[PDB]
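What follows is one structure encoded as structure tokens, with my remarks underneath.
Since every read-out is calculated from the coordinates, none of them should be taken as a lab result. Reconstructed Cβ throughout: ideal geometry from the backbone, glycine too, with neighbour counts over all protein chains shown.
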Amino acid sequence: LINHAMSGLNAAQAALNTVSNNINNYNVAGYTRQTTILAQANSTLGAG
Amino acid sequence: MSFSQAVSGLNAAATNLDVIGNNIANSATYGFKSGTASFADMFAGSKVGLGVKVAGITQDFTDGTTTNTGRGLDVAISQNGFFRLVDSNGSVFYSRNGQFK
Amino acid sequence: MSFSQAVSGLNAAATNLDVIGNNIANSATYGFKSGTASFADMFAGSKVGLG
Amino acid sequence: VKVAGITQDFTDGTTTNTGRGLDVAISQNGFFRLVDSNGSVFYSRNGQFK
Amino acid sequence: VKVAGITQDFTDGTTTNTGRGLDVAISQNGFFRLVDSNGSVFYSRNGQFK
Amino acid sequence: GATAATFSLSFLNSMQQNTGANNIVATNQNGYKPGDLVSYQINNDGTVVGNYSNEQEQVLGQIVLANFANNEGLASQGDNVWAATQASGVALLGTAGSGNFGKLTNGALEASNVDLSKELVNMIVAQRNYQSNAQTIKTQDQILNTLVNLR
Amino acid sequence: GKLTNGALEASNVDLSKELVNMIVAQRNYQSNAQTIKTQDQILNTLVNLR
Amino acid sequence: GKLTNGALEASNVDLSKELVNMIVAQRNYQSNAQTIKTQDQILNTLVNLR
Amino acid sequence: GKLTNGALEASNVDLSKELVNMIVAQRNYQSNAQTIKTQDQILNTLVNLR
Amino acid sequence: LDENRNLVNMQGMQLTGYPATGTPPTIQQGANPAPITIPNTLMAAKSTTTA
């Protein structure tokens, strides 16, 4: 539980910062839209 | 043992909680598919044995809301079908996520 | 009478608690059925003679 | 009793992110090699380095 | 157990503008050099100079 | 390297009405190619069916239900494994809906028919009985050691 | 499957089902833990009782 | 195994695990103390004989 | 790096990391407290038995 | 489904049932309950004989 949810807290912080920069810079000339990418899992990478 | 029955169950429930937490953590991972674990009853010898034994995971393969993004390198396969990937070990892996560069 | 009565009753209660605990343990196991233990009288002159 | 033994378990913990360019940890299988103050080759599973 | 360590992160400034002609902060790594009443040479990234 | 077929064609129940109407309605040619498979389904009877690229269907599967007398004898041996035995009679077989046989569901699962609250009231009862017996064991111990003490 | 381009596949995780499953897991763990507690305290009562 | 860089690995411990180990250790030490006390009163009976 | 004028740079203390660290480490505080208590129980048992 | 497409419970225990027979396959109602294996193969090439 705790580790995954808190890691997600950090991930959300990153995504929110990205969108916040986007909306901030909506009127910077020559600015390019920014976006964030994420990655967790399939059948687990924890070996037990 | 009654006590073991409970302990085993408690332990299993901890595993269930872990998988649920991971489900939330992945709740926006692109192409991801949700998970859950499977229990079993540790009957042995007679009566009830010791409690529950647990070795099993369940993953659903329904396709989520296939959202449109407009990049000329964003792809998704509706219904079964998967992409093939490799690493420096010469391995072969399959995946459903389709954002490329 | 004597020790046997109380020891047998103790273990009878603990036995039903065993199946109760196993029901709890498999309370999520699909199709799983709720169990209970069967009890009987330890008749020896007294109907609770040895518990 | 008749028991006399030590044990240390190789099972893995959670992988955690710090960002320190000298925090290094081992996935799955392996152990770290170091030389002590005397030349002895010492070994640890701890990942904190400076 | 016993505890022995003090270690720090050095990612960059949560950035803020003031326009005061003496607020100076370094983008990217690097530190300042300051001297006390005795000349003792100390190092800091605090930018509130007056 | 193959083999081919031949058929007979006929037109039952056609009618020619002297006034104005004209159409064909009937669909029957029984041949198809060896279709490719994309489907397989399980129904409320226990059957397993599949359908194929030739828009035709193929089936192989039925799941057996059984009636038993002393059902407690069908004890779980772990992994919900009934041990079907004389102590329960035998498995008298029939498929879902065979009159004296219930109905089936697929894409669904049956609860563990326990309830935690009921189990906890029962636990209260049982632990209190266990307390009583414990105190009575020690009571008998005290009396018998008292008899040993008199000497 | 057919290919879609300029699009991507979402997570098939439903947050609502997971929230309810989360609370039901709370109940399951609580049942197990409290059965453990009752049995343990009353057992310790017996282990002490002799 | 492959390495992690700018990351650390937690210990292979769980609070619930250690509290379970605590309960079993409670049972162990209570059992040993009761096992003593019984034979200890039997010994004091022996001390009354010899 | 390079210098900025009329700007300042703030710390790395994010509440999300530090409060959750406080939560987990307080869990550890109570864990060691529980251990302490049970060790006290062990001695009190051994003290009262004789 | 197991790696051979046999229907199995999680312990690999093989779902016993009646198979279909002939072409078009039809279920054998008096039969040994046996594992149903999902076809890895196309269906019959039943060409035309009537219309």
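For this structure, a couple of remarks:
- Charge tally around E:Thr16: other residues with Cβ under 14 Å, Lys/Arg +1 each, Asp/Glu -1 each, net -1.
- Those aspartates and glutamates that a straight Cα-Cα span of less than 12 Å connects to B:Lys33, excepting residues fewer than 8 apart in one chain: B:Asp60, B:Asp63, G:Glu9, G:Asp14
- Projected label distance in nm at I:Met22 and E:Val1, using a 7 Å step from Cα toward the beta-carbon: 2.0
- Segments A:13-19, E:38-44 sorted - mean Cβ within 10 Å per residue, highest first: A:13-19, E:38-44
- Restricting the calculation to Cα atoms, the stretch B:36-79 yields a radius of gyration followed by a Dmax of 20.9, 63 Å.
- For the protein assembly as shown, with +1 on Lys and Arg beta carbons and -1 on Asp and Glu, the positive-most of G:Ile42, B:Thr65, F:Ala21 along the dipole: G:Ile42
- Axis angle, to the nearest 10 degrees, between helix I:15-49 and the longest C-alpha principal axis of chain I: 10 degrees.
- C-alpha long axis of helix C:3-25 to longest principal axis of chain C, angle in °: 10
- Mean separation of Cα contacts under 8 Å (6+ apart) over length of chain B, as relative contact order %: 23
- Percentage relative contact order, the stretch F:1-127, counting C-alpha pairs under 8 Å, at least six apart: 16
- FRET efficiency, 1/(1 + (r/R0)^6) with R0 25 Å, evaluated for J:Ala51 and F:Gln17 via beta carbons: 0.55
- Counting only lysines at least 8 places from H:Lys2 when in the same chain, those with an alpha carbon closer than 24 Å to its own are D:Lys50.
- Local charge for H:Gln34 was computed over the other residues whose Cβ lies under 15 Å away, with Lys and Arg +1 and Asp and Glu -1, and equals +3.
- Computed 3J(HN,Hα) for the stretch J:24-30, one whole-Hz value per residue from the Karplus formula 6.51 cos²θ - 1.76 cosθ + 1.60 where θ = phi - 60°, is x, x, 10, 5, 8, 7, x, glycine and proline marked x.
- When the convex hull of its Cα atoms is projected in every direction, mean area for chain C (nm²): 3.5
- Cross-link table B:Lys53/E:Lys2; C:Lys47/G:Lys37; F:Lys33/F:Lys103; G:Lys17/I:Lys17, entries beyond 32 Å C-alpha to C-alpha: B:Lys53/E:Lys2; C:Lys47/G:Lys37; F:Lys33/F:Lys103
- Between F:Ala134, F:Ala66, F:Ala87, the residue with the greatest mean-square fluctuation in the GNM of chain F (Cα pairs under 10 Å linked by springs) is F:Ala134.
- Here the average projected area of the convex hull drawn through the C-alpha atoms of chain E stands at 5.9 nm².
- Here the label points at E:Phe42 and F:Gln135, each 7 Å from Cα along the C-beta direction, are separated by 7.1 nm in the simple model.
- In plain terms, the C-alpha convex hull of chain B casts an average shadow of 9.8 nm² when viewed from every direction.
- Principal-axis analysis of the Cα atoms of chain F puts helix F:116-150 at an angle of about 20° to the longest axis.
- A P(r) calculated from all alpha carbon pairs of the stretch F:59-112, with 10 Å bins opening at zero, reads 22, 41, 35, 3 percent.
- Along each principal axis, Cα extent of chain J, largest first, Å: 49, 26, 11
- Kirkwood Rh and Cα Rg combined as Rg over Rh, evaluated for the stretch F:60-151: 1.31
- Cα Rg, Dmax (largest Cα-Cα span) when computed across chain I, Å: 23.4, 76
- Cα-Cα P(r), the protein assembly as shown, percent of pairs per 20 Å interval: 11, 33, 31, 18, 6, 1, 0
- Summary of the geometry: the stretch F:27-105 and chain C, compared by the centres of their Cα atoms, lie 38 Å apart.
- Averaging the sequence gap over all C-alpha pairs within less than 8 Å and six or more residues apart, then dividing by the number of residues, gives chain J a relative contact order of 33 percent.
- Net charge contributed by nearby residues that have their C-beta within less than 12 Å of G:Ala10 (K/R +1, D/E -1): -1
- Note on the stretch F:1-139: Cα Rg divided by 2.2 N^0.38 Å, N the number of residues, gives 2.09.
- Relative compactness, chain A, computed as alpha-carbon Rg over 2.2 N^0.38 Å: 1.60
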